[PDB]
Structures are given as structure tokens and as C-alpha cells.
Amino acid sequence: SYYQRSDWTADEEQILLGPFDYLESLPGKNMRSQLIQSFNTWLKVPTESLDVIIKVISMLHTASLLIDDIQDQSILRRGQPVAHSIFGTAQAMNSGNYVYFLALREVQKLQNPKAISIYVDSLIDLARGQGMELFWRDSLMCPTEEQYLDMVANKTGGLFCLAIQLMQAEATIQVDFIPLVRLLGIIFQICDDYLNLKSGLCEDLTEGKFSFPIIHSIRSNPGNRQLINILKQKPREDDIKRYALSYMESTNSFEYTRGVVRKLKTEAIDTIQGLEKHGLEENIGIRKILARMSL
């Protein structure tokens, strides 16, 4: 026989996961973990299954960073260089995709008939959300805030929502948590959009993104077209970036955003309160996580 099929080896696996291993060694904020833990105060998933869910969500989150950073044309990730800047675009892209499949083999280990539908519908919402955001970026067409919120619902829903639904599906109780979780994802994103601009310097302007405050500033005076024109230019320069910061303060767009985040956080606390009144323990950890996204 001319062809003899060899076995996969630790060394080859080390190559394929090089960019994934790279990203997992940078220190980051434990966000996904704390949210899982604070919901487990209520769902009490068994330790063996909760570990599986926690591994799947860790893999999925990192592979998503490998691909987002490429699609968003990013420069830094958790303070260190973005992974395609070390390994090149192709290998980073392929490491992310390999990991999507590996996580599917992991979620098979729950042995739950409904698991794979939950995983599919979550990843469809993810891609759907990132899809609409790229469409607006690529066409210079500023969405409305309702439109943005629906998009981020799928984007920063997809993966929060996947974790909580895998948890719900492995737990005895039947309380529907995902409306709460979607609100928490939307808050988290609007807080991220703000911090990206007030804390590289304003990297969302480099990437051309119609983020939540950028939308308010563009719509609040459509006679002026300076900010939207800047987004088209995708500037690397700190003078243009600084100039747009200044224009966005002058439209009161950061006050507007702090304002919205207050309204949403109230809605979340009511939803949490209305849930404990129906026979769930008081959750401290979730109130704490909700203070952690604060401006």
C-alpha cells in the first residue's frame, strides 16, 4: 500500500494550538467565570457538568478573540500584542476555528439531548450579531440605538446566553434566567464601549466601529459630519483621535451613556429582586458583578 495514515501527535497539536495557548497565557478579567459562579448560587449544577460547561465557555471565548481581533483589525489584546501579530493571520484564524470544533467535542461530554441545539442557536446569534455590526461599519451607515441594542443582544448574548442555558439545561430548577442575562450582556457592552473611549487610545475609532456613544454623537447633530467622516478614515493618529473625543463631549454623548447605563442597571436590580421574591436565595455575587461594570 502506497499510503499509510499516521496518528496525531502531541507536537502537531502544540503547533495548531500555539495562538490559542498564547492568548490563554495573558492575564485578563475573570468576567465569564464570575457570572457563571454567581448564577450557580441559583442553579447548582453538579460539579462534573459545571466543569464541562466552564471549559466549553473558556475555549469558545478565546477562539472568538482570535477571530474578532483579525476581523476588527486590532493591535493590542489584554495589553500584550494581538495573536495574529505574532503568528500571522492564517494560523491565528485557523487556531480559532479548530478550537470551535474542539469545544463541540467537549459539549458532547455532557451527554444531553438538548445540549447541541443550545450550542448551535447561541453561535448563530453570535455570528448574526457580529454580522450586522460589520455591515454597518463597511457601509458607513449609522444604525439607530434600537438597532444597535438588538445587535449587541445577539453578540454579547450568544456567549453569556450559552453559558446560562447550558447551566439551566443541566439543573433541576426551571426558572428562566436568560432575559436577565441578556440585559447583563447589553450593560456589559455599553460599558465596554464607554471605557474604550475614556480610560490603545480610542481603538474603536481606529476600527471604524459604530459604538453606542459614537451613535448618539453622530445622530445628535446630523448637520455636522466630522465624526462619521473620521470613522471612514480609520485613523491610527492620536490627534484625530483626540479631536473626536472632544467633539463627542460637546454633544453630551458620554453623559447620555452614563445615563442609559443607570436606567438599565435599575431594570436589572428589579429583575433580580422580582426573582428572589419568588423563592430564590438572595444573590450577593450578582449584585457585586453589577457594581463591577460601573462608570
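In case it trips you up, residue 1 is the first one in the sequence shown, and so on.
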For the stretch from residue 199 to residue 200, please bin the deposited residues that the model skips: none, 1 to 3, 4 to 9, or 10 or more.
4 to 9
On average, which has the higher Cα B-factor in the deposited entry, 145 to 153 or 100 to 108?
145 to 153
So 176 to 184 or 128 to 136, which one's hotter by mean CA B-factor in the entry?
176 to 184
Given 30, 41, 229, 246, identify the residue with the highest C-alpha B factor in the PDB entry.
30
Within this chain, which third does the Cα B-factor at residue 236 fall in: lowest, middle or highest?
highest
Check where residue 276 lands among this chain's C-alpha B-factors and tell me if it's the lowest, middle or highest third.
highest
When the deposited Cα B-factors of this chain's modelled residues are ordered and cut into thirds, is residue 25 in the lowest, the middle or the highest one?
middle
Based on the deposited C-alpha B factors for this chain, I'd like to know if residue 260 is in the lowest, middle or highest third.
highest
Compare the C-alpha B factor of residue 45 with those of the other modelled residues in its chain, then answer lowest, middle or highest third.
lowest
